[PDB]
Each structure stands twice: as C-alpha cells, then as structure tokens.
file final.txt (compact mmCIF, C-alpha atoms)
# COMPACT_ATOMS: atom_id res chain seq x y z
CA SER P 48 -12.15 83.58 -10.39
CA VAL P 49 -10.22 84.52 -7.19
CA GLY P 50 -10.97 88.26 -8.04
CA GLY P 51 -14.56 87.19 -7.69
CA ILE P 52 -13.96 86.33 -3.99
CA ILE P 53 -11.31 88.94 -3.19
CA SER P 54 -12.14 92.38 -4.62
CA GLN P 55 -10.00 95.48 -5.07
CA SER P 56 -11.76 97.04 -2.08
CA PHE P 57 -11.23 93.98 0.14
CA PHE P 58 -7.48 94.06 -0.79
CA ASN P 59 -7.12 97.79 -0.06
CA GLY P 60 -8.66 97.11 3.34
CA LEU P 61 -5.85 94.63 4.11
CA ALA P 62 -3.08 96.82 2.53
CA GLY P 63 -4.24 100.20 3.77
CA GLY P 64 -3.59 99.59 7.45
CA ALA P 65 0.17 99.57 6.86
CA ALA P 66 2.07 102.74 7.85
CA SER P 67 2.93 104.89 4.86
CA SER P 68 6.67 104.48 5.72
CA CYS P 69 6.35 100.62 5.18
CA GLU P 70 8.35 99.43 2.19
CA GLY P 71 5.43 97.10 1.33
CA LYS P 72 3.02 99.99 0.90
CA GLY P 73 2.38 100.31 -2.87
CA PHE P 74 4.54 97.28 -3.54
CA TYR P 75 2.01 94.65 -2.43
CA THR P 76 -0.80 95.43 -4.90
CA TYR P 77 -4.07 93.78 -6.03
CA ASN P 78 -2.78 93.46 -9.62
CA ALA P 79 0.25 91.50 -8.49
CA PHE P 80 -1.86 89.32 -6.21
CA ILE P 81 -4.48 88.46 -8.95
CA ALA P 82 -1.78 87.69 -11.52
CA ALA P 83 -0.07 85.35 -9.01
CA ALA P 84 -3.35 83.66 -7.91
CA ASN P 85 -4.37 82.90 -11.53
CA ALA P 86 -0.97 81.30 -12.31
CA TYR P 87 -1.48 78.34 -9.90
CA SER P 88 -4.51 76.26 -10.90
CA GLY P 89 -6.79 75.35 -7.93
CA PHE P 90 -5.63 78.16 -5.68
CA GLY P 91 -8.77 79.60 -4.03
CA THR P 92 -10.81 77.92 -6.80
CA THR P 93 -11.08 74.45 -5.10
CA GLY P 94 -14.35 73.32 -3.45
CA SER P 95 -17.52 75.11 -2.33
CA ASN P 96 -17.70 78.86 -1.85
CA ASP P 97 -17.00 78.55 1.94
CA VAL P 98 -13.89 76.42 1.13
CA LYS P 99 -12.61 78.93 -1.37
CA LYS P 100 -13.17 81.80 1.08
CA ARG P 101 -11.44 79.88 3.88
CA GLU P 102 -8.42 79.06 1.70
CA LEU P 103 -8.09 82.75 0.69
CA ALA P 104 -8.53 83.86 4.28
CA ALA P 105 -5.88 81.34 5.40
CA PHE P 106 -3.48 82.58 2.69
CA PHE P 107 -3.97 86.27 3.65
CA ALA P 108 -3.80 85.60 7.43
CA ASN P 109 -0.44 83.87 6.97
CA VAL P 110 0.89 86.66 4.72
CA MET P 111 -0.33 89.44 7.07
CA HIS P 112 1.41 87.68 9.90
CA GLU P 113 4.78 87.38 8.08
CA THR P 114 4.82 90.89 6.57
CA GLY P 115 3.46 92.77 9.68
CA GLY P 116 0.23 93.64 7.82
CA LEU P 117 1.69 93.99 4.31
CA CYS P 118 4.29 96.30 5.76
CA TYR P 119 7.58 94.41 5.12
CA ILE P 120 9.16 93.15 1.90
CA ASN P 121 12.51 92.09 3.49
CA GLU P 122 13.26 90.08 6.56
CA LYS P 123 14.54 92.46 9.27
CA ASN P 124 18.23 92.34 10.17
CA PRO P 125 18.61 88.78 8.75
CA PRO P 126 21.28 87.15 11.00
CA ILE P 127 22.66 84.97 8.13
CA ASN P 128 22.79 84.65 4.29
CA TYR P 129 20.48 81.55 4.41
CA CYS P 130 22.96 79.57 2.33
CA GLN P 131 22.86 75.81 2.88
CA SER P 132 25.66 74.23 0.89
CA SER P 133 24.31 72.25 -2.08
CA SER P 134 25.12 70.57 -5.44
CA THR P 135 21.54 70.94 -6.73
CA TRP P 136 21.00 74.53 -5.74
CA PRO P 137 24.43 76.08 -5.25
CA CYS P 138 24.63 79.39 -3.34
CA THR P 139 25.86 82.41 -5.26
CA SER P 140 28.72 84.05 -3.48
CA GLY P 141 27.66 87.49 -2.13
CA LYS P 142 23.90 86.77 -2.21
CA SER P 143 21.44 86.53 0.63
CA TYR P 144 18.44 84.15 0.69
CA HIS P 145 16.80 85.98 3.60
CA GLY P 146 12.99 86.20 3.65
CA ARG P 147 11.34 88.21 0.88
CA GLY P 148 7.70 88.71 -0.17
CA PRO P 149 4.26 87.87 1.30
CA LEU P 150 5.35 84.46 2.76
CA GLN P 151 9.02 85.34 3.34
CA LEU P 152 10.67 82.95 0.89
CA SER P 153 13.96 81.85 2.56
CA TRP P 154 17.05 79.65 1.66
CA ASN P 155 18.96 78.98 -1.63
CA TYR P 156 17.12 75.66 -2.17
CA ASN P 157 13.70 77.33 -2.06
CA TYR P 158 14.73 80.32 -4.21
CA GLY P 159 16.26 77.92 -6.76
CA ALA P 160 13.05 75.85 -6.96
CA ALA P 161 10.83 78.98 -6.96
CA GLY P 162 12.77 80.69 -9.75
CA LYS P 163 12.48 77.56 -11.90
CA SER P 164 8.68 77.41 -11.50
CA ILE P 165 8.11 81.17 -11.93
CA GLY P 166 10.68 82.14 -14.54
CA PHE P 167 13.61 84.00 -12.90
CA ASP P 168 17.09 83.01 -11.69
CA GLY P 169 16.39 82.38 -7.98
CA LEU P 170 20.05 81.62 -7.18
CA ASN P 171 21.60 84.62 -9.06
CA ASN P 172 18.81 87.24 -8.70
CA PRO P 173 17.08 86.39 -5.37
CA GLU P 174 16.43 90.14 -4.98
CA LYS P 175 13.79 90.02 -7.78
CA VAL P 176 11.49 88.73 -5.00
CA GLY P 177 11.97 92.14 -3.30
CA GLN P 178 11.75 94.24 -6.50
CA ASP P 179 9.02 92.80 -8.75
CA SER P 180 5.47 92.67 -7.21
CA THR P 181 4.07 89.83 -9.45
CA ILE P 182 7.21 87.79 -8.84
CA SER P 183 6.91 88.48 -5.07
CA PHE P 184 3.25 87.21 -4.98
CA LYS P 185 4.02 84.21 -7.22
CA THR P 186 6.63 83.03 -4.66
CA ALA P 187 3.97 82.98 -1.99
CA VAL P 188 1.28 81.22 -4.11
CA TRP P 189 3.97 78.80 -5.40
CA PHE P 190 5.05 77.98 -1.87
CA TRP P 191 1.39 77.54 -0.80
CA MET P 192 0.46 75.33 -3.81
CA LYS P 193 3.71 73.42 -4.70
CA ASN P 194 6.18 73.69 -1.81
CA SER P 195 4.23 72.98 1.33
CA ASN P 196 1.12 71.24 2.61
CA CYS P 197 -0.84 74.50 2.91
CA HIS P 198 -3.23 73.92 0.00
CA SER P 199 -3.78 70.21 0.85
CA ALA P 200 -4.37 70.96 4.57
CA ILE P 201 -7.02 73.66 3.98
CA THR P 202 -8.84 71.55 1.29
CA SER P 203 -8.95 68.31 3.35
CA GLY P 204 -10.46 69.46 6.71
CA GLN P 205 -7.30 70.32 8.67
CA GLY P 206 -8.45 73.95 8.77
CA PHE P 207 -6.36 77.03 9.47
CA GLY P 208 -4.28 75.29 12.13
CA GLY P 209 -3.28 72.79 9.46
CA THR P 210 -1.88 75.65 7.32
CA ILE P 211 0.09 76.91 10.36
CA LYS P 212 1.61 73.40 10.79
CA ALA P 213 2.50 73.29 7.09
CA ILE P 214 4.37 76.59 7.39
CA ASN P 215 6.17 76.38 10.74
CA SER P 216 5.11 73.36 12.90
CA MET P 217 7.51 74.47 15.66
CA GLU P 218 4.95 77.17 16.60
CA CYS P 219 2.24 74.57 17.32
CA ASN P 220 1.73 72.61 20.61
CA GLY P 221 2.78 75.65 22.73
CA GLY P 222 6.00 75.96 20.71
CA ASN P 223 5.08 79.66 20.36
CA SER P 224 1.51 80.52 21.30
CA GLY P 225 1.96 84.24 20.62
CA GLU P 226 2.74 83.47 16.95
CA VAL P 227 -0.18 81.03 16.68
CA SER P 228 -2.54 83.70 18.11
CA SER P 229 -1.16 86.32 15.83
CA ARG P 230 -1.91 84.21 12.76
CA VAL P 231 -5.32 82.99 14.15
CA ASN P 232 -6.37 86.56 15.07
CA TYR P 233 -5.77 87.63 11.42
CA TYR P 234 -7.69 84.56 10.15
CA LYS P 235 -10.80 85.26 12.30
CA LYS P 236 -10.82 88.90 11.21
CA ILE P 237 -10.47 88.07 7.46
CA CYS P 238 -13.17 85.34 7.75
CA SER P 239 -15.68 87.74 9.34
CA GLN P 240 -14.92 90.40 6.60
CA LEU P 241 -15.59 87.70 3.98
CA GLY P 242 -18.78 86.61 5.77
CA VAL P 243 -17.55 83.04 6.27
CA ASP P 244 -17.43 80.84 9.32
CA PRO P 245 -13.83 80.09 10.26
CA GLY P 246 -14.61 76.33 10.51
CA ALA P 247 -12.97 73.75 12.80
CA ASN P 248 -9.28 73.10 13.55
CA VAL P 249 -8.68 76.93 13.58
CA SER P 250 -5.71 76.79 15.93
CA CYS P 251 -2.73 74.57 16.71

call {"tool": "encode", "arguments": {"input": "final.txt", "output": "structure tokens"}}
result
Amino acid sequence: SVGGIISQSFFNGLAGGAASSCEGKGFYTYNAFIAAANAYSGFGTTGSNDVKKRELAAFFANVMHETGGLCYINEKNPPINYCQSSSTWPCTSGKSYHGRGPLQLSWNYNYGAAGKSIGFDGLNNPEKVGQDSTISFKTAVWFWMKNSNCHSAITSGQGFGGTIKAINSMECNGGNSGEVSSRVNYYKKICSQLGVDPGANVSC
C-alpha cells in the first residue's frame, strides 16, 4: 500500500542527495522504510489519495529535516546521555539515549517504550536504532503513529504545521523560524514531486 504511493525511484531521489561520506547513505533504505510503514496500520493508508500523499510527504519532510537529508544516523556531539531518572524506564549505566534514526529518537523513556512496541531492548541496546535499518525506521513510524500527535494532526486538517507542533512546538510562533522554514521547504518540495497540493495550515 504505501509502496504504491512512494516508489523505489522516489525514495532514491530523497536518499541520493546525501554526500557519499554520510553515515546514513546506504543505511536508510527503501526496504527498511517499507517494512516499517507496513508495521503500523493506518500509516499513509488513511483517507483519500491526497491525504495519504500529504501524510507521507509530512513524514519525509520531518525526517529529511532531522537527518540533514538522510545524511545522519546519530545526533552530532550529543551534549548529554539523555537519561531522565525513572522507575518505569530506568537508564542503563554507560548508555546514551541521544537521537538516532529518521526522527531522532531521544531519551530513556522513549527508547524503553519504542523497544517494547518494536521488539528490542530499548534501555539496554539503544544502539540498535543506529545499527539495524528496519529497527531505525520503525522507531520513526512508531513515534509518528503511537507517540505523538503527528498522525492525528495530518489526518484531521491541521496540515503540515500541525505535524511540526506535534514534534517540537517550541519552533512554532517564531520560536525558531529557520527550523520551521527548513521543514516547510522540504514539505513543499516533496509535495510537488508527488503531484499533490500542500493544503492549508502548511506552516506554524
């Protein structure tokens, strides 16, 4: 179903712009993406064709923004271990919960919850998000579908700006307009490659 909207060729267009020295290059793959998309029911399969295309475009625009164009697997020079002390999701001594994958999964609590949905030990093997492609993509689709308002925003008329607000609402209202534009620029370009109008509420 999603492979019907996003082809191999469309995906290589997005991936191919990355410099060959990017760690993401050959790690973020169409196979991994399709596997992840199919594992979360409703993802890019909800609504009319324009709605499906806009949800996929919104997903990819966000990802392209956070990986520098499918260039980065790992957060650069993370300043901290992203350990917030917890009884439900205890940090593992020595481990870092810095951003990994297409949507930069961050913090012990998110890795714990992600690993439980997906099938890996998020707390003890957070690095699996940087080493296994299908796992990496599943974290992003999981976050999109189950751990944020991204899916609900884009399927209830809040548009692309509503996905931005679901991910990092501090950017919106002139919080950081450079970051907004960066994400929005990617969205407009993916929309026009898909032949779909970007719709309303594009920005925030």

call {"tool": "closest_residue", "arguments": {"input": "final.txt", "among": "P:91, P:71, P:148, P:225", "to": "residue P:105", "atoms": "all atoms listed in the file"}}
result
P:91

call {"tool": "atom_distance", "arguments": {"input": "final.txt", "atom1": "atom CA of residue P:111", "atom2": "atom CA of residue P:136"}}
result
29.0 Å

call {"tool": "atom_distance", "arguments": {"input": "final.txt", "atom1": "atom CA of residue P:174", "atom2": "atom CA of residue P:58"}}
result
24.6 Å

call {"tool": "residues_around", "arguments": {"input": "final.txt", "residues": "residue P:187", "least_positions_apart": "5", "cutoff": "9 Å", "atoms": "only C-alpha atoms", "output": "list in words"}}
result
residues 83, 106, 110, 148, 149, 150, 151, 152, 182 and 192 of chain P

call {"tool": "write_last_selection", "arguments": {"input": "final.txt", "atoms": "C-alpha atoms", "output": "JSON list (two decimals), in the coordinates of the input"}}
result
[["chain", "number", "residue", "atom", "x", "y", "z"],
["P", 83, "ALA", "CA", -0.07, 85.35, -9.01],
["P", 106, "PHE", "CA", -3.48, 82.58, 2.69],
["P", 110, "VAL", "CA", 0.89, 86.66, 4.72],
["P", 148, "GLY", "CA", 7.70, 88.71, -0.17],
["P", 149, "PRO", "CA", 4.26, 87.87, 1.30],
["P", 150, "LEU", "CA", 5.35, 84.46, 2.76],
["P", 151, "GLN", "CA", 9.02, 85.34, 3.34],
["P", 152, "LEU", "CA", 10.67, 82.95, 0.89],
["P", 182, "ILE", "CA", 7.21, 87.79, -8.84],
["P", 192, "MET", "CA", 0.46, 75.33, -3.81]]

call {"tool": "closest_residue", "arguments": {"input": "final.txt", "among": "P:232, P:248, P:133, P:96", "to": "residue P:201", "atoms": "only C-alpha atoms"}}
result
P:248

call {"tool": "closest_residue", "arguments": {"input": "final.txt", "among": "P:140, P:85, P:157, P:55", "to": "residue P:186", "atoms": "all atoms listed in the file"}}
result
P:157

call {"tool": "closest_residue", "arguments": {"input": "final.txt", "among": "P:249, P:52, P:243, P:170", "to": "residue P:219", "atoms": "all atoms listed in the file"}}
result
P:249

call {"tool": "residues_around", "arguments": {"input": "final.txt", "residues": "residue P:100", "least_positions_apart": "6", "cutoff": "10 Å", "atoms": "all atoms listed in the file", "output": "list in words"}}
result
residues 49, 52, 53, 91, 92, 93, 94, 106, 237, 238, 241, 242, 243, 244 and 245 of chain P

call {"tool": "write_last_selection", "arguments": {"input": "final.txt", "atoms": "C-alpha atoms", "output": "mmCIF file, keeping the file's coordinate frame"}}
result
data_model
loop_
_atom_site.group_PDB
_atom_site.id
_atom_site.type_symbol
_atom_site.label_atom_id
_atom_site.label_comp_id
_atom_site.auth_asym_id
_atom_site.auth_seq_id
_atom_site.Cartn_x
_atom_site.Cartn_y
_atom_site.Cartn_z
ATOM 1 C CA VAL P 49 -10.220 84.520 -7.190
ATOM 2 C CA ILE P 52 -13.960 86.330 -3.990
ATOM 3 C CA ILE P 53 -11.310 88.940 -3.190
ATOM 4 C CA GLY P 91 -8.770 79.600 -4.030
ATOM 5 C CA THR P 92 -10.810 77.920 -6.800
ATOM 6 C CA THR P 93 -11.080 74.450 -5.100
ATOM 7 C CA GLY P 94 -14.350 73.320 -3.450
ATOM 8 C CA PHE P 106 -3.480 82.580 2.690
ATOM 9 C CA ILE P 237 -10.470 88.070 7.460
ATOM 10 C CA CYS P 238 -13.170 85.340 7.750
ATOM 11 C CA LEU P 241 -15.590 87.700 3.980
ATOM 12 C CA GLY P 242 -18.780 86.610 5.770
ATOM 13 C CA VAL P 243 -17.550 83.040 6.270
ATOM 14 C CA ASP P 244 -17.430 80.840 9.320
ATOM 15 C CA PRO P 245 -13.830 80.090 10.260
#

call {"tool": "residues_around", "arguments": {"input": "final.txt", "residues": "residue P:230", "least_positions_apart": "2", "cutoff": "7 Å", "atoms": "only C-alpha atoms", "output": "VMD selection string"}}
result
chain P and resid 108 to 109 112 226 to 228 232 to 234

call {"tool": "write_last_selection", "arguments": {"input": "final.txt", "atoms": "C-alpha atoms", "output": "short mmCIF file (atom, residue, chain, number, x, y, z; two decimals), in the frame of the given file"}}
result
data_model
loop_
_atom_site.label_atom_id
_atom_site.label_comp_id
_atom_site.auth_asym_id
_atom_site.auth_seq_id
_atom_site.Cartn_x
_atom_site.Cartn_y
_atom_site.Cartn_z
CA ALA P 108 -3.80 85.60 7.43
CA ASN P 109 -0.44 83.87 6.97
CA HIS P 112 1.41 87.68 9.90
CA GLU P 226 2.74 83.47 16.95
CA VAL P 227 -0.18 81.03 16.68
CA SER P 228 -2.54 83.70 18.11
CA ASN P 232 -6.37 86.56 15.07
CA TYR P 233 -5.77 87.63 11.42
CA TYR P 234 -7.69 84.56 10.15
#

call {"tool": "closest_residue", "arguments": {"input": "final.txt", "among": "P:95, P:128, P:180, P:56", "to": "residue P:70", "atoms": "only C-alpha atoms"}}
result
P:180

call {"tool": "atom_distance", "arguments": {"input": "final.txt", "atom1": "atom CA of residue P:147", "atom2": "atom CA of residue P:122"}}
result
6.3 Å

call {"tool": "closest_residue", "arguments": {"input": "final.txt", "among": "P:138, P:188, P:146, P:203", "to": "residue P:124", "atoms": "all atoms listed in the file"}}
result
P:146

call {"tool": "decode", "arguments": {"input": "final.txt", "residues": "stretch 202-228 of chain P", "atoms": "N, CA, C and O atoms", "output": "compact mmCIF listing (two decimals), in the first residue's frame"}}
result
# COMPACT_ATOMS: atom_id res chain seq x y z
N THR P 202 -4.21 13.91 9.65
CA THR P 202 -5.49 13.31 9.21
C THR P 202 -6.77 14.00 9.83
O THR P 202 -7.88 13.50 9.74
N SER P 203 -6.60 15.18 10.41
CA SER P 203 -7.74 15.92 10.91
C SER P 203 -7.67 17.41 10.56
O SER P 203 -8.18 18.24 11.32
N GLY P 204 -7.03 17.75 9.41
CA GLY P 204 -6.99 19.14 8.92
C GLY P 204 -6.04 20.17 9.53
O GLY P 204 -6.07 21.35 9.16
N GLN P 205 -5.17 19.74 10.44
CA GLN P 205 -4.14 20.61 10.98
C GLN P 205 -2.92 20.76 10.07
O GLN P 205 -2.03 21.57 10.35
N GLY P 206 -2.88 20.00 8.97
CA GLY P 206 -1.83 20.17 7.98
C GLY P 206 -0.42 19.92 8.48
O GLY P 206 -0.21 19.43 9.58
N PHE P 207 0.55 20.31 7.65
CA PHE P 207 1.95 20.10 7.95
C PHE P 207 2.39 20.84 9.20
O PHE P 207 3.19 20.31 9.95
N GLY P 208 1.92 22.06 9.39
CA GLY P 208 2.25 22.83 10.57
C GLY P 208 1.83 22.12 11.81
O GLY P 208 2.48 22.26 12.85
N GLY P 209 0.75 21.34 11.72
CA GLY P 209 0.26 20.57 12.88
C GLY P 209 1.20 19.43 13.19
O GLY P 209 1.33 19.03 14.35
N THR P 210 1.86 18.85 12.17
CA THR P 210 2.91 17.84 12.47
C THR P 210 4.15 18.48 13.13
O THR P 210 4.73 17.90 14.07
N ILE P 211 4.53 19.69 12.68
CA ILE P 211 5.64 20.40 13.30
C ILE P 211 5.39 20.59 14.78
O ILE P 211 6.25 20.25 15.58
N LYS P 212 4.19 21.08 15.14
CA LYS P 212 3.75 21.32 16.53
C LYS P 212 3.69 20.05 17.38
O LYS P 212 3.97 20.09 18.58
N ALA P 213 3.34 18.93 16.76
CA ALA P 213 3.42 17.63 17.42
C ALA P 213 4.83 17.19 17.73
O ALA P 213 5.04 16.47 18.67
N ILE P 214 5.79 17.57 16.90
CA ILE P 214 7.17 17.15 17.09
C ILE P 214 7.95 18.06 18.02
O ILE P 214 8.60 17.59 18.91
N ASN P 215 7.88 19.36 17.82
CA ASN P 215 8.68 20.31 18.61
C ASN P 215 7.98 21.66 18.54
O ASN P 215 8.34 22.51 17.73
N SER P 216 6.95 21.84 19.38
CA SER P 216 6.09 23.06 19.38
C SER P 216 6.82 24.36 19.76
O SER P 216 6.32 25.46 19.48
N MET P 217 8.00 24.23 20.37
CA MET P 217 8.88 25.35 20.66
C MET P 217 9.38 26.10 19.39
O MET P 217 9.71 27.28 19.45
N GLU P 218 9.43 25.41 18.26
CA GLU P 218 9.82 26.02 16.99
C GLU P 218 8.76 26.99 16.47
O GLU P 218 9.10 27.97 15.80
N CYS P 219 7.50 26.70 16.77
CA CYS P 219 6.35 27.44 16.22
C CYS P 219 6.19 28.79 16.90
O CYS P 219 6.85 29.05 17.91
N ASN P 220 5.33 29.65 16.35
CA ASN P 220 5.15 31.06 16.81
C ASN P 220 6.44 31.90 16.90
O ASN P 220 6.64 32.60 17.88
N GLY P 221 7.30 31.82 15.89
CA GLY P 221 8.61 32.50 15.90
C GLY P 221 9.57 32.01 16.99
O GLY P 221 10.58 32.70 17.29
N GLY P 222 9.29 30.84 17.58
CA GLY P 222 10.26 30.17 18.43
C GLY P 222 11.57 29.97 17.69
O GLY P 222 12.60 30.40 18.15
N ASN P 223 11.51 29.31 16.53
CA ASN P 223 12.65 29.24 15.60
C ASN P 223 12.14 29.14 14.15
O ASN P 223 11.77 28.07 13.66
N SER P 224 12.13 30.28 13.46
CA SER P 224 11.53 30.33 12.14
C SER P 224 12.41 29.70 11.06
O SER P 224 11.89 29.21 10.05
N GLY P 225 13.73 29.64 11.32
CA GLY P 225 14.65 28.95 10.43
C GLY P 225 14.33 27.47 10.31
O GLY P 225 14.30 26.95 9.22
N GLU P 226 14.09 26.83 11.45
CA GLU P 226 13.72 25.42 11.60
C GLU P 226 12.35 25.08 11.00
O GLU P 226 12.21 24.07 10.31
N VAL P 227 11.36 25.92 11.28
CA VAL P 227 10.08 25.87 10.59
C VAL P 227 10.28 25.89 9.08
O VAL P 227 9.70 25.03 8.37
N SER P 228 11.07 26.83 8.56
CA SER P 228 11.19 27.00 7.09
C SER P 228 11.89 25.85 6.44
O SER P 228 11.60 25.48 5.30
